[PDB]
Amino acid sequence: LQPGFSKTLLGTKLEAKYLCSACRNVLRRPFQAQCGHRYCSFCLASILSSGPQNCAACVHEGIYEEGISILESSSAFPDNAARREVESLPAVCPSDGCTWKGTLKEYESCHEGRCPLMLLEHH
Ligand SMILES: [Zn+2]
Ligand SMILES: [Zn+2]
Ligand SMILES: [Zn+2]
């Protein structure tokens, strides 16, 4: 139930600003809500499946503000600056035993869903 990328991908380079406000994993196709908090596209869509919702991150961080801290489709946008930054980070496959290495973007487009440890049962 974790849409975001396993924190294992970044390893020691793991940073808080690269994490989804919802699943707490590395941002996957990030959107930025009106309040500034980032969410994986999948995570935000799920949260907003039944309409607007209060931003849990705003609450927990004690900065909740009426109106601005409300997650809404009309005020959330693709955070391409965040996406580009995260895609440029050095990454290693999360599969315990895999040696694949490259940028997170290369992981998403070339390795994810094509991992030997996951697809080859006799590995
Ligand atoms: Zn997420
Ligand atoms: Zn927020
Ligand atoms: Zn792998």
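Heads up, residue numbers simply count up from 1 along the chain you see.
When the header is checked for method, it gives X-ray crystallography, 1.9 Å.
Keep in mind that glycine also has a Cβ here, set from the backbone N, Cα and C atoms.
Within 10 Å of the Cβ of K17 (ubiquitin cross-link) there are 9 other Cβ atoms, across all protein chains. If you look up Swiss-Prot, you'll see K17 marked as ubiquitin cross-link, on the strength of experimental evidence.
Per the PDB entry, expression tag is recorded for 120-123.
DSSP assigns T8 (phosphothreonine) to a helical segment in the three-state reduction. For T8 (phosphothreonine), the Cβ neighbour count at a 10 Å cut-off comes to 15, with all displayed protein chains included. Look at Swiss-Prot and you will find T8 (among others) tagged as phosphothreonine, backed by a large-scale study or a structure entry.
Counting every protein chain shown, the number of other Cβ atoms lying within 10 Å of the Cβ of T103 (phosphothreonine) is 15. In the three-state DSSP reading, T103 (phosphothreonine) counts as strand. For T103 (among others), the entry in Swiss-Prot reads phosphothreonine, with the evidence type experimental evidence.
The zinc finger annotation in Swiss-Prot covers 20-59, and the record cites sequence analysis as its basis. Helix first, then strand, then coil: DSSP counts for the zinc finger (20-59) stand at 14 helix, 9 strand, 17 coil.
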Looking only at C-alpha atoms, tell me how far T8 (phosphothreonine) is from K17 (ubiquitin cross-link), rounded to the nearest Å.
15
Using Cα coordinates, what distance in whole Å links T103 (phosphothreonine) and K17 (ubiquitin cross-link)?
18
